[PDB]
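The structure appears right after this line, and notes come after that.
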There are 2 protein chains.
Amino acid sequence: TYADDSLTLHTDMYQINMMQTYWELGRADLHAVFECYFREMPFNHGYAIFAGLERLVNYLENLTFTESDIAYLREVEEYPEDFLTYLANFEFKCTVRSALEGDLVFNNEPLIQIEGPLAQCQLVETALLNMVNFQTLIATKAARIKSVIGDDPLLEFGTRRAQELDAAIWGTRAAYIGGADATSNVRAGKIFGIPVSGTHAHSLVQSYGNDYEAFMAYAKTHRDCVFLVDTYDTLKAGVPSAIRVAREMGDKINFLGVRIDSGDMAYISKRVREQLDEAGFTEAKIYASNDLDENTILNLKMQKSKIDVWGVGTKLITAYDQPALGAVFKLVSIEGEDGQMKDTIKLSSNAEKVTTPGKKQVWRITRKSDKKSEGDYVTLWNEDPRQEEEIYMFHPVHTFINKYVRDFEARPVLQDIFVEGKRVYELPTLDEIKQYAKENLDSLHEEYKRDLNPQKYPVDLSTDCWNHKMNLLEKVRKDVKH
Amino acid sequence: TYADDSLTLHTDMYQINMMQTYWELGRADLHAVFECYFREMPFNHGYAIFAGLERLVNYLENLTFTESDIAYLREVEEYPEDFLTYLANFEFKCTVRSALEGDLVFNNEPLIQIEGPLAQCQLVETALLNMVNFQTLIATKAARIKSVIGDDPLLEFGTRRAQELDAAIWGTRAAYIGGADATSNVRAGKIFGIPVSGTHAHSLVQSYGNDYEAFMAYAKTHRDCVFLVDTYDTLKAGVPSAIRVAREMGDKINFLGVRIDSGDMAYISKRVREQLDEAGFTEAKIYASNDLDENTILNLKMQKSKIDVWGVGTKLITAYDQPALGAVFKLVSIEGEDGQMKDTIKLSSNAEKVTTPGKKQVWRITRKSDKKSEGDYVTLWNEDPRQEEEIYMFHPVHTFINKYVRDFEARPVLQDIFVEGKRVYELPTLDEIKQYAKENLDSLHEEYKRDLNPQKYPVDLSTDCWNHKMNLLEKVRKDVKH
Ligand SMILES: O=C(O)c1cccnc1
Ligand SMILES: O=C(O)c1cccnc1
Ligand SMILES: O=C(O)c1cccnc1
Ligand SMILES: O=C(O)c1cccnc1
């Protein structure tokens, strides 16, 4: 009762009830456009890193209602056989346009756009949000942390702290995309090809009862040695014992260094560095793992801590300070009775809290001469900035802040992934995604990617797109006048 | 590269490297006891609700290294064939004792205990933590929220906001255990048998362009009608239109009520109640869904909001204010050279931040006469309070706070689940778990389960258990004297 063989019902019940309402009344194949976007920059970071495309692609390619799916809906929920045969025959026939994994993405712009039969668009929203919200959030958190670390290793060590198992594997993949250098999760190494990393735990040390014997046991059985030194006493017990083992084993091991999981690291690591150096191990590194995030790491570095490798657990994999992105999936255009597409709106008070209507594209604008970031320019589908000598970029709320831009490149961010349910996009390798992310981040102007108080990245609606929104808003507010 | 057919490598790499170190040196089958516990009450709640046992059981029953598992370890990580054949032949042979799902659980007491070969115990820690940390956390969050709501429905609606897909399905199951009445997640209904619930979305309304036509379309195609009224204007558009549809359809539908997803609900819901009542729909309910948690819900109720049903999204399913439980899995006893078990310790400064050593049991103490909660009493394995006329319960830090207890019942909390890898525990149905949770909560003394400033539930170490800890701590601190 019943077999977990399918993600097709990983959705909100109200989607199936709406699909029924559409289908019974002959409106399931009305033409719709839906868009996915978030409203606020996560962590107030200067940029976000998109993740979730490979996950979504696999989901959409397997989007059929299984025998057990239908049996549940028939036997428990008592849907009629007519509707059920519609669901049995269902195959995905929407166009999907998306940012690619590793793209920089920002608030108030479409990141994924689904276009096709209303009922099919409706089915996919919940699962897409579930996967994209989380994966983008962790990729951005890892970028945030990696930015503060610099070139030194960031190791994603948070599986034990993650919000169930998918979170651990797909989160760690997203972390690698966003800036982690390795994972602890062996299975994520297996299935994604992420480099895998480890040291040892206190349990090894306690199994012997002293540091020397445990470090020796590890040295006898492994080439690459990082010794965890704080089981009993970092300075008096662990570090001297690590040094003793390193001396006795010589070049038969790599003494990569020592891990410290406790204490005030801004004092502890400084004295440990001295101990290693005075013993002649001036290349042995100090690995830290306790309570790390972009804030404590930045402080530790600025205090002149001597830490070379950062194993980050809880705060990265759960995005602990803001554990949800707040992406939403909204209907922006729908086929009217006359067969023509109509811009659709929901009212709020804050006219910026209102979803911008219309089928849109996002154009990343840069200065041709030196590739300077000029911001994103969000158009209706019928505008192509590439054919315009000059564009008018204004802030959508603060419209008195504005510039005419000439001599620019405009790159369309939403790419075809499926056309009418047919995949036209070849999935990159994970390393290619990570390289793509690095290059995109490297190209972003320093002001938008700096760690402290980044400049706000413009996301501007075209004159036409903005006028369409405000005219529709005006029209509905006046319709609600009576 | 390679097939995701297995959870056996869903672990930290350092576990496999330790298993190798144990195995090569003939110590893999040393006898070990490991215990899982958390240090702080999540959300500062008065109690926690344990979840994760069914999940763990399924994991442990399938704990074999697959062909693709071994191929990864051979081809990528280059482990030796000897060790690999050990892993190929691996079968789980540990005893597992656990709290049951729906048990009340507290900080600083073992909740799961694994006993058997050191190398096997080591393998399972990471996955167990991943699943139990999250599921217990969400079950407790749901209890917390449900406590503030009272008898009215709590609906878990957060799939779209969850941290990837496992989080959504297993989180929603945990929410049902802890106090939710239904889920939106259809797949969780399918595979777990949770009651499933829904209304409709704004997209239905926008597909028509007005409330009346969309509410009518929904009424023509469904018996149970909840109309979402805030697409355009709750008071002027949606609620009058819902009322019109209700009037026109009469007893051909159930007009269950109206959903409001926006506005100040403490004003909005009061006026909506008036509108429904004045129209003669004094049984139609008001459903709220926006930005809900135990805090905003409590405030809304205390402001005399007229809300009857609570659809909770982000803050429940992600445990947003504290998205990790902080459970850890620690070696407490290990076979020594002489073949006898030895209490094992790791030093910290705070002697309460030190893991209590020894194989332990947790006894829930109640007064026989009226079943009053007296707290938990954590013993070494060789003490059975049931055979003692009187027990001495003292606070482990504040030892001057203490009582002798007579005429008590002592119930052992850790139950046999696997004996030497063999399942002796029959899995309850989800409804039986939820009933068990309800009854356990109902039996907890009011002071420990009250919403505001609950009394701290005693978790006391027996005289023997406490003396063992402090003597070992003293011994190691004096060993570190030189
Ligand atoms: O390899 C390690 O040191 C490690 C990995 C995950 C969690 N804690 C430690
Ligand atoms: O902040 C913006 O959106 C902006 C800034 C400069 C010029 N145009 C728009
Ligand atoms: O059924 C609903 O009303 C619902 C379910 C999940 C998320 N939002 C709304
Ligand atoms: O808080 C405690 O642990 C406690 C309270 C009363 C008596 N004994 C212990």
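All residue names refer to the structure tokens as shown: chains lettered A, B, ... in order, residues numbered from 1 in each chain, ligands numbered from 1 in order.
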
Give me, as a PyMOL selection string, the set of residues whose atoms come within 12 Å of any atom of ligand 2, counting only C-alpha atoms and all ligand atoms. chain A and resi 106-108+365+373-378+391-405+448+455-462

Residues as selected, C-alpha atoms, written as a PDB file, in the first residue's frame, can you do that?
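What ended up in out03.pdb:
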```
ATOM      1  CA  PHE A 106      19.050  36.897  -9.160  1.00  0.00           C
ATOM      2  CA  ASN A 107      15.696  37.867  -7.626  1.00  0.00           C
ATOM      3  CA  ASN A 108      12.593  38.950  -9.592  1.00  0.00           C
ATOM      4  CA  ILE A 365      23.722  42.853 -20.370  1.00  0.00           C
ATOM      5  CA  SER A 373      28.342  43.722 -15.755  1.00  0.00           C
ATOM      6  CA  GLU A 374      25.482  46.107 -16.504  1.00  0.00           C
ATOM      7  CA  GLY A 375      22.710  44.016 -14.905  1.00  0.00           C
ATOM      8  CA  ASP A 376      19.869  41.883 -16.228  1.00  0.00           C
ATOM      9  CA  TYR A 377      17.192  43.237 -18.541  1.00  0.00           C
ATOM     10  CA  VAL A 378      13.893  41.340 -18.431  1.00  0.00           C
ATOM     11  CA  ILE A 391      18.236  50.063 -24.333  1.00  0.00           C
ATOM     12  CA  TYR A 392      16.689  51.972 -21.462  1.00  0.00           C
ATOM     13  CA  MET A 393      17.493  50.256 -18.133  1.00  0.00           C
ATOM     14  CA  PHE A 394      15.594  51.644 -15.125  1.00  0.00           C
ATOM     15  CA  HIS A 395      14.975  50.336 -11.596  1.00  0.00           C
ATOM     16  CA  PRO A 396      11.417  48.930 -11.555  1.00  0.00           C
ATOM     17  CA  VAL A 397      10.469  50.558  -8.218  1.00  0.00           C
ATOM     18  CA  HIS A 398      12.866  53.553  -8.227  1.00  0.00           C
ATOM     19  CA  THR A 399      12.301  54.486 -11.827  1.00  0.00           C
ATOM     20  CA  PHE A 400      14.293  57.762 -11.406  1.00  0.00           C
ATOM     21  CA  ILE A 401      17.402  55.521 -11.270  1.00  0.00           C
ATOM     22  CA  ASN A 402      18.138  54.770 -14.908  1.00  0.00           C
ATOM     23  CA  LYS A 403      20.690  54.598 -17.752  1.00  0.00           C
ATOM     24  CA  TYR A 404      20.702  54.263 -21.522  1.00  0.00           C
ATOM     25  CA  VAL A 405      23.057  51.467 -22.532  1.00  0.00           C
ATOM     26  CA  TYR A 448      28.252  42.603  -7.021  1.00  0.00           C
ATOM     27  CA  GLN A 455      26.179  46.373  -4.597  1.00  0.00           C
ATOM     28  CA  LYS A 456      22.658  45.384  -5.628  1.00  0.00           C
ATOM     29  CA  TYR A 457      22.682  43.733  -9.047  1.00  0.00           C
ATOM     30  CA  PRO A 458      20.171  45.510 -11.369  1.00  0.00           C
ATOM     31  CA  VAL A 459      17.256  43.386 -12.513  1.00  0.00           C
ATOM     32  CA  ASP A 460      15.255  45.807 -14.666  1.00  0.00           C
ATOM     33  CA  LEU A 461      12.016  45.286 -16.620  1.00  0.00           C
ATOM     34  CA  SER A 462      11.942  46.714 -20.167  1.00  0.00           C
TER      35      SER A 462
END
```

Can you tell me which residues surround region 29-38 of chain A at a distance of at most 10 Å, considering only C-alpha atoms, apart from same-chain residues fewer than 3 positions away, and format the answer as a ChimeraX atom specification? /A:22-23,26,41-42,94-98,105-122,125,128-129,132-133,325-337,339-344,355-360 /B:203,207

Save out the residues we just selected, C-alpha atoms, as a compact mmCIF listing (two decimals), in the first residue's frame.
```
# COMPACT_ATOMS: atom_id res chain seq x y z
CA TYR A 22 -9.50 21.43 -16.33
CA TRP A 23 -9.89 18.02 -17.93
CA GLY A 26 -12.22 20.49 -21.80
CA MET A 41 18.49 37.31 -2.54
CA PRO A 42 19.28 34.38 -0.27
CA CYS A 94 5.50 21.18 -22.53
CA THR A 95 8.37 23.35 -23.58
CA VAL A 96 10.78 23.98 -20.65
CA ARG A 97 13.25 26.87 -20.77
CA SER A 98 15.76 27.24 -17.93
CA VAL A 105 20.73 34.02 -11.01
CA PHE A 106 19.05 36.90 -9.16
CA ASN A 107 15.70 37.87 -7.63
CA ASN A 108 12.59 38.95 -9.59
CA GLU A 109 13.49 37.30 -12.90
CA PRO A 110 12.27 34.01 -14.39
CA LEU A 111 14.68 31.16 -13.90
CA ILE A 112 12.50 28.43 -15.34
CA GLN A 113 9.61 28.82 -17.76
CA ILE A 114 7.12 26.04 -18.63
CA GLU A 115 4.88 26.45 -21.69
CA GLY A 116 2.19 24.09 -23.00
CA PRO A 117 -1.04 22.45 -21.84
CA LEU A 118 -2.31 24.05 -18.63
CA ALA A 119 -2.92 20.68 -16.90
CA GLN A 120 0.62 19.48 -17.65
CA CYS A 121 2.24 22.73 -16.45
CA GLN A 122 0.17 22.48 -13.22
CA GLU A 125 5.22 22.90 -10.19
CA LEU A 128 10.27 21.48 -9.53
CA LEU A 129 10.06 23.90 -6.60
CA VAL A 132 15.26 23.74 -7.47
CA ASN A 133 14.60 25.74 -4.27
CA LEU A 325 14.93 30.12 -0.92
CA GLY A 326 11.35 31.25 -1.35
CA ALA A 327 11.04 30.45 -5.07
CA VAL A 328 7.47 30.29 -6.39
CA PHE A 329 5.92 29.10 -9.65
CA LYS A 330 3.30 31.42 -11.12
CA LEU A 331 0.90 31.47 -14.12
CA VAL A 332 1.93 34.51 -16.23
CA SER A 333 -0.01 33.97 -19.48
CA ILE A 334 -3.02 31.84 -20.45
CA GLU A 335 -5.03 31.15 -23.60
CA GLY A 336 -8.25 33.18 -23.57
CA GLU A 337 -11.63 32.27 -25.08
CA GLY A 339 -7.68 31.67 -28.61
CA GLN A 340 -5.23 34.51 -27.95
CA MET A 341 -2.83 34.60 -24.99
CA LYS A 342 -3.76 36.90 -22.07
CA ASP A 343 -1.41 38.37 -19.40
CA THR A 344 -2.63 37.13 -15.98
CA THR A 355 4.16 38.82 -10.15
CA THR A 356 5.11 40.46 -13.45
CA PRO A 357 2.84 39.06 -16.17
CA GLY A 358 3.70 37.96 -19.70
CA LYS A 359 5.97 35.34 -21.25
CA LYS A 360 9.40 36.84 -20.59
CA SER B 203 -3.76 29.62 -11.22
CA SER B 207 -7.15 30.73 -15.94
```

Pick from B:12, B:103, B:233, B:451 nearest to ligand 1, counting only C-alpha atoms and all ligand atoms: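 Looking only at the distances to ligand 1, the closest residue turns out to be B:12.
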
When you draw a straight line from CA of residue 210 (chain A) to CA of residue 280 (chain A), how long is it in Å?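 Going from CA of residue 210 (chain A) over to CA of residue 280 (chain A) covers 23.3 Å.
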
Which of region 155-399 of chain A fall in helix (DSSP H, G or I), as a ChimeraX atom specification: /A:159-161,164-178,186-192,202-208,211-221,234-252,265-278,294-302,314-317,385-387

Enumerate as a PyMOL selection string the residues within 6 Å of ligand 3, counting only C-alpha atoms and all ligand atoms. (chain A and resi 12+14) or (chain B and resi 157+184+198-200)

What does the distance from CA of residue 27 (chain A) to CA of residue 79 (chain A) come to in Å, to one decimal?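 Going from CA of residue 27 (chain A) over to CA of residue 79 (chain A), I get 18.0 Å.
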
When you count only C-alpha atoms, which of these residues is closest to residue 72 (chain A): A:3, A:16, A:86, A:255? A:3

Identify, counting only C-alpha atoms and all ligand atoms, the protein, DNA and RNA residues located within 10 Å of ligand 1, and give them as a PDB file with N, CA and C atoms, in the first residue's frame.
```pdb
ATOM      1  N   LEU A 155      35.548  21.559   2.315  1.00  0.00           N
ATOM      2  CA  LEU A 155      35.039  20.198   2.256  1.00  0.00           C
ATOM      3  C   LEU A 155      33.647  20.123   2.862  1.00  0.00           C
ATOM      4  N   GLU A 156      32.704  19.581   2.086  1.00  0.00           N
ATOM      5  CA  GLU A 156      31.325  19.484   2.509  1.00  0.00           C
ATOM      6  C   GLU A 156      31.198  18.192   3.314  1.00  0.00           C
ATOM      7  N   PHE A 157      30.913  18.313   4.612  1.00  0.00           N
ATOM      8  CA  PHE A 157      31.040  17.214   5.585  1.00  0.00           C
ATOM      9  C   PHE A 157      29.716  17.048   6.307  1.00  0.00           C
ATOM     10  N   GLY A 158      28.637  17.584   5.735  1.00  0.00           N
ATOM     11  CA  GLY A 158      27.417  17.703   6.501  1.00  0.00           C
ATOM     12  C   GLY A 158      26.362  16.631   6.349  1.00  0.00           C
ATOM     13  N   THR A 159      26.658  15.507   5.687  1.00  0.00           N
ATOM     14  CA  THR A 159      25.630  14.445   5.473  1.00  0.00           C
ATOM     15  C   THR A 159      24.820  14.093   6.731  1.00  0.00           C
ATOM     16  N   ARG A 160      25.520  13.948   7.861  1.00  0.00           N
ATOM     17  CA  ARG A 160      24.905  13.529   9.103  1.00  0.00           C
ATOM     18  C   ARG A 160      23.902  14.549   9.623  1.00  0.00           C
ATOM     19  N   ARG A 161      24.054  15.795   9.185  1.00  0.00           N
ATOM     20  CA  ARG A 161      23.235  16.925   9.627  1.00  0.00           C
ATOM     21  C   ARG A 161      22.193  17.300   8.618  1.00  0.00           C
ATOM     22  N   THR A 183      33.473  16.176  -1.173  1.00  0.00           N
ATOM     23  CA  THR A 183      32.420  15.751  -0.242  1.00  0.00           C
ATOM     24  C   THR A 183      32.937  14.646   0.680  1.00  0.00           C
ATOM     25  N   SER A 184      32.304  14.450   1.847  1.00  0.00           N
ATOM     26  CA  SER A 184      32.533  13.226   2.638  1.00  0.00           C
ATOM     27  C   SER A 184      31.654  12.079   2.156  1.00  0.00           C
ATOM     28  N   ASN A 185      30.562  12.422   1.468  1.00  0.00           N
ATOM     29  CA  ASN A 185      29.545  11.430   1.146  1.00  0.00           C
ATOM     30  C   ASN A 185      30.026  10.468   0.032  1.00  0.00           C
ATOM     31  N   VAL A 196      36.042  12.697  -3.160  1.00  0.00           N
ATOM     32  CA  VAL A 196      35.599  12.344  -1.833  1.00  0.00           C
ATOM     33  C   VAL A 196      36.776  12.489  -0.888  1.00  0.00           C
ATOM     34  N   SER A 197      36.495  12.906   0.346  1.00  0.00           N
ATOM     35  CA  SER A 197      37.545  13.215   1.312  1.00  0.00           C
ATOM     36  C   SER A 197      37.177  12.742   2.721  1.00  0.00           C
ATOM     37  N   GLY A 198      38.189  12.485   3.546  1.00  0.00           N
ATOM     38  CA  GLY A 198      37.932  12.086   4.926  1.00  0.00           C
ATOM     39  C   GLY A 198      39.185  12.190   5.769  1.00  0.00           C
ATOM     40  N   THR A 199      39.034  12.033   7.079  1.00  0.00           N
ATOM     41  CA  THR A 199      40.189  11.989   7.972  1.00  0.00           C
ATOM     42  C   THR A 199      40.025  10.699   8.797  1.00  0.00           C
ATOM     43  N   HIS A 200      39.872  10.793  10.112  1.00  0.00           N
ATOM     44  CA  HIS A 200      39.268   9.704  10.892  1.00  0.00           C
ATOM     45  C   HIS A 200      38.451  10.352  11.995  1.00  0.00           C
ATOM     46  N   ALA A 201      37.704   9.542  12.763  1.00  0.00           N
ATOM     47  CA  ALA A 201      36.867  10.026  13.878  1.00  0.00           C
ATOM     48  C   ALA A 201      37.511   9.775  15.241  1.00  0.00           C
ATOM     49  N   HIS A 202      36.908  10.313  16.305  1.00  0.00           N
ATOM     50  CA  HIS A 202      37.418  10.071  17.667  1.00  0.00           C
ATOM     51  C   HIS A 202      37.284   8.591  18.040  1.00  0.00           C
ATOM     52  N   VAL A 226      45.768  12.320   7.911  1.00  0.00           N
ATOM     53  CA  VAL A 226      45.352  13.450   8.739  1.00  0.00           C
ATOM     54  C   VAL A 226      44.909  12.948  10.105  1.00  0.00           C
ATOM     55  N   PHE A 227      45.604  13.366  11.156  1.00  0.00           N
ATOM     56  CA  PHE A 227      45.313  12.857  12.493  1.00  0.00           C
ATOM     57  C   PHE A 227      44.428  13.836  13.261  1.00  0.00           C
ATOM     58  N   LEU A 228      43.252  13.373  13.687  1.00  0.00           N
ATOM     59  CA  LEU A 228      42.396  14.098  14.646  1.00  0.00           C
ATOM     60  C   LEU A 228      42.992  14.096  16.079  1.00  0.00           C
ATOM     61  N   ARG A 259      43.743  17.488  12.397  1.00  0.00           N
ATOM     62  CA  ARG A 259      42.366  18.015  12.454  1.00  0.00           C
ATOM     63  C   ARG A 259      42.019  18.370  13.894  1.00  0.00           C
ATOM     64  N   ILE A 260      41.380  19.520  14.069  1.00  0.00           N
ATOM     65  CA  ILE A 260      40.996  19.977  15.389  1.00  0.00           C
ATOM     66  C   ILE A 260      39.523  20.357  15.330  1.00  0.00           C
ATOM     67  N   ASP A 261      38.723  19.716  16.176  1.00  0.00           N
ATOM     68  CA  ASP A 261      37.276  19.763  16.085  1.00  0.00           C
ATOM     69  C   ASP A 261      36.614  20.491  17.283  1.00  0.00           C
ATOM     70  N   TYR A 287      43.483  21.299   9.841  1.00  0.00           N
ATOM     71  CA  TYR A 287      42.104  21.109   9.345  1.00  0.00           C
ATOM     72  C   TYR A 287      41.153  21.483  10.484  1.00  0.00           C
ATOM     73  N   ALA A 288      40.168  22.338  10.205  1.00  0.00           N
ATOM     74  CA  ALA A 288      39.159  22.728  11.188  1.00  0.00           C
ATOM     75  C   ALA A 288      37.795  22.235  10.729  1.00  0.00           C
ATOM     76  N   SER A 289      36.913  21.929  11.684  1.00  0.00           N
ATOM     77  CA  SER A 289      35.643  21.310  11.334  1.00  0.00           C
ATOM     78  C   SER A 289      34.489  21.745  12.192  1.00  0.00           C
ATOM     79  N   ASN A 290      34.760  22.445  13.301  1.00  0.00           N
ATOM     80  CA  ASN A 290      33.698  22.710  14.289  1.00  0.00           C
ATOM     81  C   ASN A 290      32.969  24.023  14.088  1.00  0.00           C
ATOM     82  N   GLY A 311      36.450  21.920   6.954  1.00  0.00           N
ATOM     83  CA  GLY A 311      35.390  20.930   6.805  1.00  0.00           C
ATOM     84  C   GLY A 311      34.083  21.447   7.375  1.00  0.00           C
ATOM     85  N   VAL A 312      33.133  21.794   6.509  1.00  0.00           N
ATOM     86  CA  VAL A 312      31.923  22.462   6.938  1.00  0.00           C
ATOM     87  C   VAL A 312      30.730  21.503   7.004  1.00  0.00           C
ATOM     88  N   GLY A 313      30.041  21.493   8.149  1.00  0.00           N
ATOM     89  CA  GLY A 313      28.961  20.555   8.389  1.00  0.00           C
ATOM     90  C   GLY A 313      27.615  21.229   8.330  1.00  0.00           C
ATOM     91  N   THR A 314      26.994  21.352   9.499  1.00  0.00           N
ATOM     92  CA  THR A 314      25.579  21.732   9.622  1.00  0.00           C
ATOM     93  C   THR A 314      25.166  22.946   8.813  1.00  0.00           C
TER      94      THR A 314
ATOM     95  N   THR B  11      27.367   7.366   3.570  1.00  0.00           N
ATOM     96  CA  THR B  11      28.151   7.409   4.791  1.00  0.00           C
ATOM     97  C   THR B  11      29.310   8.371   4.518  1.00  0.00           C
ATOM     98  N   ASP B  12      30.033   8.750   5.568  1.00  0.00           N
ATOM     99  CA  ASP B  12      31.237   9.553   5.434  1.00  0.00           C
ATOM    100  C   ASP B  12      32.399   8.663   5.051  1.00  0.00           C
ATOM    101  N   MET B  13      33.238   9.135   4.123  1.00  0.00           N
ATOM    102  CA  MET B  13      34.414   8.379   3.676  1.00  0.00           C
ATOM    103  C   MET B  13      35.267   7.910   4.844  1.00  0.00           C
ATOM    104  N   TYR B  14      35.364   8.743   5.865  1.00  0.00           N
ATOM    105  CA  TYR B  14      36.205   8.365   6.970  1.00  0.00           C
ATOM    106  C   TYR B  14      35.739   7.085   7.697  1.00  0.00           C
ATOM    107  N   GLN B  15      34.452   6.734   7.565  1.00  0.00           N
ATOM    108  CA  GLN B  15      33.952   5.437   8.060  1.00  0.00           C
ATOM    109  C   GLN B  15      34.558   4.245   7.334  1.00  0.00           C
ATOM    110  N   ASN B  17      37.418   4.268   5.624  1.00  0.00           N
ATOM    111  CA  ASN B  17      38.829   4.233   5.958  1.00  0.00           C
ATOM    112  C   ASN B  17      39.098   3.681   7.352  1.00  0.00           C
ATOM    113  N   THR B 126      26.447   7.485  10.097  1.00  0.00           N
ATOM    114  CA  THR B 126      26.152   8.666   9.284  1.00  0.00           C
ATOM    115  C   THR B 126      24.721   8.659   8.764  1.00  0.00           C
TER     116      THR B 126
END
```

Give me, as a count of residues only, all polymer residues having an atom no more than 7 Å from residue 21 (chain B), counting only C-alpha atoms and skipping those fewer than 5 positions away in the same chain. 3

Among region 117-262 of chain B, which residues does DSSP mark as strand (DSSP E) when it is run on the backbone? Keep the chain and numbering as in the structure and answer as a compact mmCIF listing (two decimals) with N, CA, C and O atoms, in the first residue's frame.
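For reference, part01.txt as written:
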```
# COMPACT_ATOMS: atom_id res chain seq x y z
N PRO B 117 30.09 -5.79 16.26
CA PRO B 117 31.43 -5.56 15.70
C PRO B 117 31.66 -4.09 15.43
O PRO B 117 30.88 -3.46 14.73
N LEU B 154 -4.40 20.78 11.51
CA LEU B 154 -3.12 21.21 10.98
C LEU B 154 -2.82 20.41 9.72
O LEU B 154 -2.74 19.17 9.77
N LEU B 155 -2.64 21.11 8.61
CA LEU B 155 -2.33 20.47 7.35
C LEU B 155 -0.91 20.81 6.92
O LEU B 155 -0.52 21.99 6.86
N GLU B 156 -0.12 19.77 6.64
CA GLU B 156 1.26 19.93 6.26
C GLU B 156 1.29 20.16 4.75
O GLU B 156 0.94 19.25 4.00
N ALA B 182 -3.11 15.92 8.16
CA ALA B 182 -3.14 15.55 6.75
C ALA B 182 -1.91 16.09 6.08
O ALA B 182 -1.21 16.95 6.65
N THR B 183 -1.63 15.59 4.88
CA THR B 183 -0.57 16.14 4.03
C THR B 183 -1.14 16.63 2.70
O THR B 183 -2.21 16.17 2.31
N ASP B 224 -16.46 18.39 -2.46
CA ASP B 224 -15.87 19.19 -1.38
C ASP B 224 -15.19 20.45 -1.86
O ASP B 224 -14.12 20.39 -2.47
N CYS B 225 -15.82 21.59 -1.59
CA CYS B 225 -15.38 22.89 -2.10
C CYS B 225 -14.77 23.82 -1.01
O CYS B 225 -15.46 24.29 -0.10
N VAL B 226 -13.47 24.08 -1.13
CA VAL B 226 -12.84 25.21 -0.46
C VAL B 226 -12.35 26.21 -1.50
O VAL B 226 -11.53 25.88 -2.35
N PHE B 227 -12.88 27.43 -1.47
CA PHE B 227 -12.54 28.42 -2.49
C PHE B 227 -11.47 29.37 -1.98
O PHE B 227 -11.65 30.03 -0.95
N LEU B 228 -10.33 29.43 -2.67
CA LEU B 228 -9.31 30.47 -2.46
C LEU B 228 -9.77 31.85 -2.98
O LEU B 228 -10.01 32.03 -4.18
N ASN B 254 -20.58 20.26 -0.87
CA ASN B 254 -20.21 20.76 0.45
C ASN B 254 -19.37 22.05 0.34
O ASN B 254 -18.25 22.03 -0.17
N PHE B 255 -19.95 23.17 0.76
CA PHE B 255 -19.23 24.43 0.85
C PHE B 255 -18.41 24.40 2.16
O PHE B 255 -18.84 24.91 3.19
N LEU B 256 -17.24 23.76 2.10
CA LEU B 256 -16.44 23.58 3.30
C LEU B 256 -15.88 24.91 3.80
O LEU B 256 -15.67 25.09 4.99
N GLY B 257 -15.65 25.84 2.88
CA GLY B 257 -15.33 27.20 3.27
C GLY B 257 -14.41 27.88 2.30
O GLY B 257 -14.48 27.64 1.09
N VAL B 258 -13.56 28.74 2.83
CA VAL B 258 -12.76 29.67 2.01
C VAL B 258 -11.34 29.71 2.55
O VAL B 258 -11.12 29.53 3.75
N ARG B 259 -10.38 29.88 1.64
CA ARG B 259 -8.94 29.95 1.98
C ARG B 259 -8.43 31.36 1.71
O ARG B 259 -8.80 31.99 0.70
N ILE B 260 -7.62 31.87 2.63
CA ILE B 260 -7.07 33.20 2.49
C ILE B 260 -5.57 33.09 2.73
O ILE B 260 -5.13 32.61 3.78
```

Pick the closest to residue 302 (chain B) from B:149, B:175, B:324, B:414: which is it, counting only C-alpha atoms? B:149

Residue neighbourhood residue 90 (chain A), 10 Å, only C-alpha atoms, exclusion window fewer than 4 positions, as a VMD selection string: chain A and resid 63 to 65 84 to 86 120

Using N, CA and C atoms, can you write the selected residues to a file as a tab-separated table (two decimals), in the first residue's frame?
```
chain	number	residue	atom	x	y	z
A	63	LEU	N	8.16	11.24	-16.23
A	63	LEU	CA	6.86	11.73	-15.81
A	63	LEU	C	5.71	10.97	-16.48
A	64	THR	N	5.47	9.77	-15.99
A	64	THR	CA	4.29	9.02	-16.38
A	64	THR	C	3.66	8.49	-15.10
A	65	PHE	N	2.35	8.31	-15.13
A	65	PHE	CA	1.64	7.75	-13.99
A	65	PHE	C	1.74	6.23	-14.06
A	84	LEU	N	-8.83	8.97	-14.88
A	84	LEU	CA	-7.72	8.06	-14.62
A	84	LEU	C	-7.03	7.53	-15.88
A	85	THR	N	-7.82	7.33	-16.93
A	85	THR	CA	-7.29	6.89	-18.20
A	85	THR	C	-6.57	8.04	-18.90
A	86	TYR	N	-7.12	9.24	-18.74
A	86	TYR	CA	-6.39	10.45	-19.13
A	86	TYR	C	-4.99	10.49	-18.47
A	120	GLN	N	-0.74	20.01	-17.77
A	120	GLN	CA	0.62	19.48	-17.65
A	120	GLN	C	1.57	20.41	-16.88
```
